[PDB]
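Bear in mind these aren't lab numbers, they're just calculated from the coordinates by the rules spelled out. Please note: Cβ atoms are built from the backbone with ideal geometry, for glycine as well, and neighbour counts cover all protein chains shown.
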Amino acid sequence: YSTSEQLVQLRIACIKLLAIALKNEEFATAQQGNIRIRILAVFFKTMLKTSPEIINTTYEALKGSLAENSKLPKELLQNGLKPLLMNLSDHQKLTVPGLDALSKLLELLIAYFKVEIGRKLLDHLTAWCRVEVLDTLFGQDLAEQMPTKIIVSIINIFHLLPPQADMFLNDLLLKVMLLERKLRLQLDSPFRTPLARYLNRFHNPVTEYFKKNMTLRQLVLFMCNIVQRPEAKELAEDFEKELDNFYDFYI
């Protein structure tokens, strides 16, 4: 815990200077070409470290480092996410930092434009909604438990999933509300702010969905609590042009 702490600080100092050492043109680039590829290899290896205070400055270093474009992604992108999308495959017993790294990585959208991350990871959202998994909650509380933290982290990446069209508008919040009843939890959640992050993204399918299914009092009541929180901004100002349709539907 002394060599561990100083190991962390030394390691992030190194990761700090590799991007600054990439920043000078015709010294980093002109040195044999394939050195900055081989430093992006050590970044993409150090996006599976189990301490967050390395991961945050690897991303904060890498987005400024890769702010200049790279002609890299046909050697290292098969290596840079093989254990990580192996950790996105249904291991079924995932971790907390394995998702926290994935939110930082797949923000950066190249060469994975398929959407089956929500398929296998929605299957994680169904299989962490079994009977025996929710059986161990049942007396001991919310977020501090393990399935609450990993389900919250499962939900908090649909924000940064790419914004092509939702196959995951209906069934996702139907299973979220079905969890809201199957843990009889109301007035707040461990997961509404991640689901508010998902809700602050589309606004054309979801206000139409909030025109279609309006007699469900739990859905309307659920959508009220999302809007009040300051993370929600243009659903807060997007229902405000919809007050004159609510009258016509309910009247």
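Restricting region 49-101 to trypsin sites (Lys or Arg not before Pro) that sit in a DSSP loop and have at most 14 other Cβ atoms within 10 Å of their own Cβ leaves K71, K74, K93.
Taking Cα atoms only, the orientation of helix 36-45 departs from the longest principal axis of the chain by about 50 degrees. A straight chain from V220 to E237 at 0.36 nm per residue would run longer than the Cα-Cα distance by 4.5 nm. Comparing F138, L187, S4 along the charge dipole axis of the chain, the residue lying farthest to the positive side is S4, per the Cβ-charge model.
Using the crude model of +1 on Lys and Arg Cβ and -1 on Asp and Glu Cβ, and no other charge, please compute the dipole size for the chain relative to its Cα centre, in debye to 20.
Dipole size: approximately 740 debye.
I'd like the distance between the alpha-carbon centres of region 4-36 and region 80-110, rounded to an integer number of Å. Answer, in whole Å: 24. In plain terms, the chain is cut at each of the chymotrypsin sites (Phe, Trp or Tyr not before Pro) found in a DSSP loop with at most 13 other Cβ atoms within 10 Å, and the longest leftover piece is 139-251.
Viscosity 0.890 mPa s, temperature 25 °C: what is the translational diffusion coefficient of the chain from Stokes-Einstein with a Kirkwood Rh over Cα pairs, rounded to a whole number of µm²/s? In µm²/s, the coefficient rounds to 118.
With angles folded into 0 to 90 degrees, how steeply does helix 3-23 sit against the dominant principal axis of the chain? Use alpha carbons for both and round to 10. Compared with the principal axis, the helix lies near 80 degrees. Using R0 = 35 Å, the C-beta based FRET efficiency linking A111 and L10 works out to 0.60. Along the charge dipole of the chain, Cβ charges K/R +1 and D/E -1, which of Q32, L88, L121 sits furthest on the positive end? The residue sitting farthest along the positive end of the dipole is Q32. Which of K16/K45; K212/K241; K149/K212; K175/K211 have a Cα-Cα distance over 24 Å? Pairs exceeding the cut-off: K149/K212.
Computed extension length for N69-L178: 34.9 nm, one decimal, from 0.36 nm per residue of separation with the Cα-Cα distance subtracted.
Computed from Cα positions, the angle between helix 146-155 and the longest principal axis of the chain comes to roughly 90 degrees.
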